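Chemist: One structure, as C-alpha cells, below. Some questions next.
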Amino acid sequence: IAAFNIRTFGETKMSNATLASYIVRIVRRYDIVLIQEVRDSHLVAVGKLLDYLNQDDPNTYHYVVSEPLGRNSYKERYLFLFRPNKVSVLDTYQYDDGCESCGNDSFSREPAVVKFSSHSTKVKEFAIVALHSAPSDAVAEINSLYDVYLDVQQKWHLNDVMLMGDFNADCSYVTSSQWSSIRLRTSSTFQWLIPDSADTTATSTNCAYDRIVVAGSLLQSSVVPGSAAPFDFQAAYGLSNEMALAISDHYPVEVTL
Amino acid sequence: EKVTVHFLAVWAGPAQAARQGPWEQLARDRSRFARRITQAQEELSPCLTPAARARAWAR
Amino acid sequence: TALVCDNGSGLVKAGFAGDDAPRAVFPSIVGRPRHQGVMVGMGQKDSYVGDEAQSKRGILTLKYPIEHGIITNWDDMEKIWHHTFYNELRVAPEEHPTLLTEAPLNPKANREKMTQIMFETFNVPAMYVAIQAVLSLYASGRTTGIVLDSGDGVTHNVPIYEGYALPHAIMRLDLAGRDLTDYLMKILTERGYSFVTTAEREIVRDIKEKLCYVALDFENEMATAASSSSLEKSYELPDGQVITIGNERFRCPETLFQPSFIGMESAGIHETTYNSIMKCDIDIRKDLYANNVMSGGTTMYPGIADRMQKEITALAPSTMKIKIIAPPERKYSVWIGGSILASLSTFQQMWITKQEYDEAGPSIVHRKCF
Amino acid sequence: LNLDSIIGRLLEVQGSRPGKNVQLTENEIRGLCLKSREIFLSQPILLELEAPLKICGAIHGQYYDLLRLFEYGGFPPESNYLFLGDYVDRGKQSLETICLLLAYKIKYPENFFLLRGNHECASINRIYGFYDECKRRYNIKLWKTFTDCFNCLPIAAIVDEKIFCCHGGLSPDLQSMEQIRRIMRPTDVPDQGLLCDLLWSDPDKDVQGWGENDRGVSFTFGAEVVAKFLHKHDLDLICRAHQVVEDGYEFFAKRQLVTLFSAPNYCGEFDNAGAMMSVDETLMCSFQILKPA
Amino acid sequence: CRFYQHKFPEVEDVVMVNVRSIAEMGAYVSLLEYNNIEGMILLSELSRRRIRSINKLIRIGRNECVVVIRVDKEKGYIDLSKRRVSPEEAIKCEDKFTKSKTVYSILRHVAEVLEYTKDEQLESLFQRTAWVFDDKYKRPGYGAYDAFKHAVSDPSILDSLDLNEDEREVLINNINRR
Ligand SMILES: Nc1ncnc2c1ncn2[C@@H]1O[C@H](COP(=O)(O)OP(=O)(O)OP(=O)(O)O)[C@@H](O)[C@H]1O
Ligand SMILES: *[C@@H]1O[C@H](CO)[C@@H](O[C@@H]2O[C@H](CO)[C@@H](O)[C@H](O)[C@H]2NC(C)=O)[C@H](O)[C@H]1NC(C)=O
Ligand SMILES: [Mn+2]
C-alpha cells in the first residue's frame, strides 16, 4: 500500500513520454496506491494514466476517484488505484463533514473512505482513510481525524482502520509543544510506524512529512514491524536531483502485508 | 403602545435573496407566450386541416 | 400537456409544450468508461449522458451519435432519451405525448426505427415527428418561406410552402458549428497561442460565441485589421492571462460564405439559398425571396442579417422584393416552434395514437408524419 | 402517517443560509395532502375558540419568516395560534409554508387554526405565482389536490363575543351569524355575494358610508358603517389582516381598527415591518414587530 | 423608427407607454419611444381583478411614464412598473417625451422628401443626424433637440453632416416653419 502526492499531477506531466515511463514503473511495484494532489478538472490525466497501465490487459488496475473537493477554486481529487484480482471494493462513501455554506464543515478536503475485500491476508476487513491536508490548516485538520474514526465504527461495525496519507506533519507544522495537543499520539491505541527521524523529502531538508497511522487490534497484529520506510527512487533509479523534483517533491510511503 | 420592539438584524445570510420570488416573473413570462398561440392559431392552423394536409404531398 | 424533445447533434433541447424555453440543454453525448472503476460514493455506472458525460470525458470514450443531423447509432440514442425523460425533465413518458424532431430529408429506414423505439421501449401514449426547418418557420409566425437552419453538425436550406417542406430543393452543406470552432482553433494556434489542456480547448467555442461577428465589407477590414485601433478586443482567460484577438474575429464565420477555406468544394450559404429558389416552381419564387428566415445557433453571429441582405440582392432578379427575418429567439427557434405546434387545439387529432400503431405498425409514420 | 419525520426534516434546516430547498417525495406530499382535508370538514365553519392564544396575519410565502415568527411567541401548545390567510403567493416557498401548516393542523387540531384568504382561490393563485410554483417543483396533478382543501377552509372567527376577526371585513348583507353557517362547502368563490365580500373589502379613512373598492369584485366601507355593526351587537374594536402598512400595523379610526401584515421586507420590494398581536389570558393586547433591516 | 441608437431601454429608465388592452395578468402597452414594441406593466400593487381594472385604465388617454423592471433581449420581453413612479419623476417624463417627439417630428418631415419605405433606411438618416448629436454629447434625446434650435442662429451645425446642398435646404426649411 502506498500514498503518493504527485506534485501538479495533470495533463502537462502525463504527456511527457519520459515522465510517464518512470511514474508507471513506480505504481507497478504496488498492489494499492493512493495518488494525492490530482489537480485535474476533467479527469484527462487520470484517463491517460490508466490507459498506459491498462494497454495490454484491461483489468490490471481499477480506480476509485473522487469529485473535486474544496471551499474555493482549488479542488483536488483522491485517486485510488487497486488490483481487482487482489482486492475488491464492496462500498465507498464520502465522509459527511457537514454544511459547507454554513461554514461548519471540519475539512477543506473531506477524507475518502474505502471498504476493501482482501482474500489473501489474515485481516479480512479493513478501511483506508485518505487525507491531503491543507498546508495552512495542518494543525486543525489532523485534530479533526479523531472524529473520523468514531464515524467509521457506526456504519460498518469495524474497529480495524488504517489512516495514511500526506499529513504534512513536521517540525514547523507541529512543534514540540503542540505534540501534547494531539490525542492520536498520546493515546496508545495508535502505533506511529514512521518516526520523527525518517527523511521523506527529496530536497536536502530533514523532515518526516509523510506518515502512516493504524488503528484496531486485528490490523495491528498483521503489520510487519519496521517495514514502513521511505523508498528513495532517486537512489534506486540513479537519478539527478533535477529530475527528482520534476516528478514530485514527496517520496512514496510503502508498507508490506 | 405596548410594543415589544424587535429591531432584529440579519442572523441567517442573504436576507434580501429569499423574499423576492421568480414566480411572478415566470407566470408573466407564461401568458405573453400563452397569448402567442392564439395569434399564431389564426395564421398557422389553415395549413393543418385534413383536406389541405393531403394537398401538400400531392403537389 | 405534451413533451417536445429536439434531438440535435450538439445540444438537446427538451421541455414541455406551452413553455417558452426548453427546460434542459445539454450536450448530445453518451460516454462509456474505457476502464473499470467508480466515482466515490456511487455504485457502478455503465453510461453517463450530457453534462456529467462532458465533465468526466477524460476516462470515457465519447460518442456523438447524431452525425450531420442524422441519427446513426440506436444503442447510443436509446440512452440519450432515457436521460432526457427520467433524469432531466423528471417525468413518466407514458403520461405525456412526445413530439420528436427529425432532420430534413431523413432516409425512410431511419424514420421508422424512431417510431418503433418510442412505442415498444418507452410506451409513450402518443408521438409525432416534425421536420426541424418547418418548426422554425412556425415559431416566427408565418407559413410560407425559406428557412436557413444552420446548427452544429449540418446546415440545411429548406424552402417551405403552405406548411410543408419542398423535397426537390433541399441542399446539404457539411459546414456547420464544429467546423468553425475547429477552424478558429487552428488559426488562433497560428497566431502563437496554445490550447493544450482540455480546460483550454473547450473555451475556444465560448470565445467564438461572444466576440465574433460577420464583417459588412470583407475586403476593407482584412487590410484594416492590424491597423485599426478599435477592432481588436481582449478576452480574459480564467487564470488571469489576457490574449489579443485580431482578424480572426471576422475571418471565422466568413467560412460560411467561402467553405473552400477548410477544403469543402460545396457552394456557400448565399449561393445555396439562390440554387434552392431556382429548383422550385417559378410560381412561388416571389414569396420565397421575401421570407428568408434564419435559424439555429450558428446563425447568431451579430451582423449576419445585414450581410445576407446584400449578397442575395446581387444574385436575384433586379426587382425582387427581398427581406431577411432574423428573430431574436433563433437559437431555440426549432424547439419553440415545436412548443407552439403541440399546443394548438387543432393539432390534437393529428397525433399518432397508441391505437393506430397497433393496427398499422411502424409504417404509419409515413402516412401521418411528413 | 408519521407526521414527525416529515415535520422533523422540514424543521432541521432552520437557521441555515436562506435559499435551501426541501424536497419531499411526491408520494409524501400527496400523503400530506390526503391526511390534511379530513379535520377541516369535521369542525364547524364558524369556530368557537378559547384563550390564551397568539394571533398573526398574512405570510405570503415568506417561509423563513414564518419559522422565525414561531421562535418568539411559543410553539404549540404553550400558546395557541390563529393565522388569517394569504400565505400562498409571491414569496419563494409557499409550498413549505402551507405544507407545514397543514401538518401542524393535524397534530394540534384544537390548538392551531387557519382561515381562508383571498389568495386561497384558483383564479388568484393562478396569476400570482402558486400555480406556476407547483409546476416547476412538482406537477399540475398535485395542484388539483390543493384546489380541493381550500374549498373547505373557514373564513372568520369571533373571540369571546368581543373581538371579531376575519380576513377582509364586513358586508351590508350580514345581519345574523346564521347567514354564514348556511354557506355550503366545498365551494368556489362566487362572482358576487357574501363569501366574496368577506374576503376582499378594505377600510378607508376618507369615506362616509359605502364607497367603490379599488379591488373591483368588492366594496369599501366607511367609518360610520363600522360603528353601527359593533353597536347592534354591543361589540368593540376590530382586528383584521389584509393590507400592506409601513409600520407593520396602522390604526385608521382613532385606534378603533388595526391591520396586521406579518411578512417584513415584503417580497424584497418594501422596507415595512411585520407585526403580530400578543393576547394574554386576560385579553390584554400587545404587538410584536419585525423592524426593517 | 425608434428615437435612439439602442434598440431596447436600459434597466431603471422611466419610459412612457400607451395602454393597449386589459387581460387577466395585466396591461399590454406600447413604448412610444421604441417604435411601438410591446411591453407589460405588472399589476400595480397589492391585488386586483379585471372588473374594475378599467378605473386603472385611464392611462390609455394619459400615456403614463413607467419604469423598466426587467428586460430579456433574447426572449423579447419588457416588464414595466407604474407603482414606482413619483410625481416629480413624472414631470421629467412629460418633458422628455415632448422633447424626443420634437426631434422625431423634425426628422419625419425629412423622411417624407426622400420617400423612405424601410425602417433601416430611415434609421440610417437618424444615425447621421439626430443620433450624431446624441452620441457626441452623451445625452440621449436632449442632444438632437438642442442643436436644431441653435440652427436658426448657427447654420454651420449641419456642415459636418454628410449632406449635399439639396438635403440641407429641406432640413433647414422645416426648422423655420416651427
Ligand atoms: N452566440 C453564438 N455564436 C456562435 N455560435 C454559437 C453561438 N451560440 C451557440 N453557438 C453554436 O451553435 C451550436 C448549437 O446550435 P443549435 O442548438 O441550433 O444546434 P442543434 O440544434 O443542436 O443542431 P441542429 O441544428 O443540427 O439540430 C453550437 O455549435 C454552439 O457552439
Ligand atoms: C517532459 O518534461 C521534462 C521536464 O519538464 C523535459 O525535460 C526538459 O526538456 C526541455 C525541452 O524544452 C529541455 O530544455 C530541458 O533541458 C529538460 N530538462 C530536464 C531536467 O530534463 C522533457 O523534455 C519533456 N518531454 C517531452 C516529450 O515533452
Ligand atoms: Mn388578503
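Protein chains in written order, with the deposited numbering: chain D, 3 to 259; chain C, 560 to 618; chain A, 6 to 375; chain B, 7 to 299; chain E, 5 to 182. Note that CB positions come from ideal geometry on N, CA and C, so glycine has one too.
Contact check, residue 46(A) vs residue 95(D) under 8 Å by CB: the rounded distance?
Modeler: Indeed they touch by this definition, with Cβ atoms about 5 Å apart.
Chemist: What I want to know is whether the C-beta of residue 277(A) ends up closer than 6 Å to one or more non-hydrogen atoms of ligand 2.
Modeler: Result no, Cβ not under 6 Å from ligand 2.
Chemist: For the beta strand (DSSP E) containing residue 68(E), name the first residue and the last one.
Modeler: Careful: residue 68(E) lies outside any beta strand (DSSP E) and carries neither H nor E.
Chemist: For residue 206(B), is the classification buried or exposed, using 16 other Cβ atoms within 10 angstroms of its Cβ as the cut-off for buried?
Modeler: Residue 206(B) comes out buried.
Chemist: Report yes or no: is there a C-beta of chain C within less than 7 Å of the C-beta of residue 195(A)?
Modeler: Answer no: the Cβ-Cβ gap between residue 195(A) and chain C never drops below 7 Å.
Chemist: Short check: CB of residue 113(B) to CB of residue 9(B), under 7 Å?
Modeler: In this structure, residue 9(B) lies closer than 7 Å to residue 113(B) by Cβ.
Chemist: Is the Cβ of residue 74(E) closer than 7 Å to any Cβ of chain B?
Modeler: No, its Cβ sits nowhere closer than 7 Å to a Cβ of chain B.
Chemist: Return the chain-ordered list of same chain residues with a C-beta closer than 6 Å to the C-beta of residue 252(A), the five sequence neighbours on each side being excluded.
Modeler: Cβ neighbours of residue 252(A) beyond the five flanking positions: 230.
Chemist: Do the stretch 210 to 221 of chain A and the stretch 184 to 202 of chain A make contact, defined as three or more Cβ pairs closer than 8 Å?
Modeler: Judged by Cβ distances under 8 Å, the stretch 210 to 221 of chain A makes contact with the stretch 184 to 202 of chain A, as three or more pairs qualify.
Chemist: Closer than 7 Å from C-beta to any heavy atom of ligand 2: which residues, in chain order?
Modeler: My final list is 17(D), 18(D), 19(D), 20(D), 21(D), 244(D), 245(D), 248(D).
Chemist: Suppose contacts are defined by Cβ-Cβ distances below 7 Å. Is residue 248(A) in contact with residue 198(A) by that definition?
Modeler: Result yes, Cβ atoms of residue 248(A) and residue 198(A) sit closer than 7 Å.
Chemist: By Cβ distance below 7 Å, which residues in the same chain neighbour residue 100(E) in space, the five residues on each side in sequence not counted?
Modeler: Excluding positions up to five away in sequence, the list reads 145.
Chemist: Check whether the Cβ atoms of residue 248(B) and residue 174(B) lie closer than 7 Å to each other.
Modeler: Closer than 7 Å, so yes.
Chemist: Specify the secondary structure class of residue 50(D) as computed by DSSP and reduced to three states.
Modeler: Three-state DSSP puts residue 50(D) in a helix.
Chemist: Is residue 608(C) near ligand 1, with its Cβ less than 6 Å from a heavy atom?
Modeler: No.
Chemist: Under 7 Å Cβ to Cβ from residue 41(D), same chain only, skipping five residues before and after it: list those, please.
Modeler: The residues are 10, 11, 12, 78.
Chemist: Taking beta-carbon pairs under 9 Å, can you tell me which members of the stretch 17 to 50 of chain A lie near chain C?
Modeler: So the close ones are 23, 24, 25, 26.
Chemist: On a Cα-Cα basis, can you pick out the residue from 46(D), 97(D), 65(D) that is closest to residue 17(D)?
Modeler: The residue with the shortest Cα to Cα distance from residue 17(D) is 46(D).
Chemist: Between which two residues does the alpha helix (DSSP H) containing residue 261(A) stretch?
Modeler: Note, residue 261(A): alpha helix (DSSP H), 253 to 262.
Chemist: Is there a Cβ of chain D sitting closer than 7 Å to that of residue 61(A), yes or no?
Modeler: Judged by the 7 Å Cβ criterion, residue 61(A) is in contact with chain D.
Chemist: Expressed to the nearest angstrom, what Euclidean distance is found between the alpha-carbon atoms of residue 221(D) and residue 72(B)?
Modeler: Rounded to whole angstroms, residue 221(D) to residue 72(B) spans 53 Å at the Cα level.
Chemist: Using a strict less-than 5 Å threshold between each residue's beta carbon and the heavy atoms of ligand 3, what residues do you get?
Modeler: Qualifying residues come out as 92(B), 123(B), 124(B), 248(B).
Chemist: Beta strand (DSSP E) containing residue 207(E): first to last residue?
Modeler: With chain E covering only 5 through 182, there is no way to say anything about residue 207(E).
Chemist: At 8 Å on the CB atoms, spell out the chain C contacts of residue 46(E), in chain order.
Modeler: The answer, in chain order, is 583, 587.
Chemist: Starting from residue 5(D), follow its DSSP beta bridges and name the residues at the other end.
Modeler: For residue 5(D), which the question treats as bridged, DSSP gives the partners 36(D), 255(D).
Chemist: Which residues in the same chain have their Cβ closer than 6 Å to the Cβ of residue 130(D), if we skip the five residues on either side of it in sequence?
Modeler: Correct list, in chain order: 116, 164.
Chemist: Determine the closest residue to residue 198(B) out of 217(B), 182(B), 190(B), 225(B), with distance taken between C-alpha atoms.
Modeler: With distances taken between Cα atoms, residue 198(B) lies closest to 225(B).
Chemist: Measuring straight from C-alpha to C-alpha, what distance separates residue 575(C) and residue 562(C)?
Modeler: Their Cα atoms are separated by approximately 25 Å.
Chemist: Out of 101(B), 292(B), 83(B), 161(B), which one is the CA nearest neighbour of residue 145(B)?
Modeler: For residue 145(B), the nearest C-alpha among the options comes from 101(B).
Chemist: Report the rounded CA-to-CA distance for residue 72(E) versus residue 18(E), giving the unit in angstroms.
Modeler: C-alpha separation (whole angstroms): 6 Å.
Chemist: Please state if the CB of residue 140(D) and the CB of residue 97(D) are separated by a distance shorter than 7 Å.
Modeler: Result no, Cβ atoms of residue 97(D) and residue 140(D) do not sit closer than 7 Å.
Chemist: From residue 127(D) to residue 88(D), what does the alpha carbon distance come to, in whole angstroms?
Modeler: Their Cα atoms are separated by approximately 13 Å.
Chemist: Report buried or exposed for residue 254(A), applying the criterion of at least 16 other Cβ atoms within 10 angstroms of its Cβ.
Modeler: That one is buried.
Chemist: Along the chain, where does the beta strand (DSSP E) that runs through residue 245(B) open and close?
Modeler: Unbroken beta strand (DSSP E) run through residue 245(B): 244 to 246.
Chemist: Which residues in the same chain have their Cβ closer than 8 Å to the Cβ of residue 96(A), if we skip the five residues on either side of it in sequence?
Modeler: So the list reads 8, 90, once near-sequence residues are dropped.
Chemist: Taking 6 Å as the cut-off, is the beta-carbon of residue 343(A) closer than that to any non-hydrogen atom of ligand 1?
Modeler: Checking every heavy atom of ligand 1 against the Cβ of residue 343(A), none is found closer than 6 Å.
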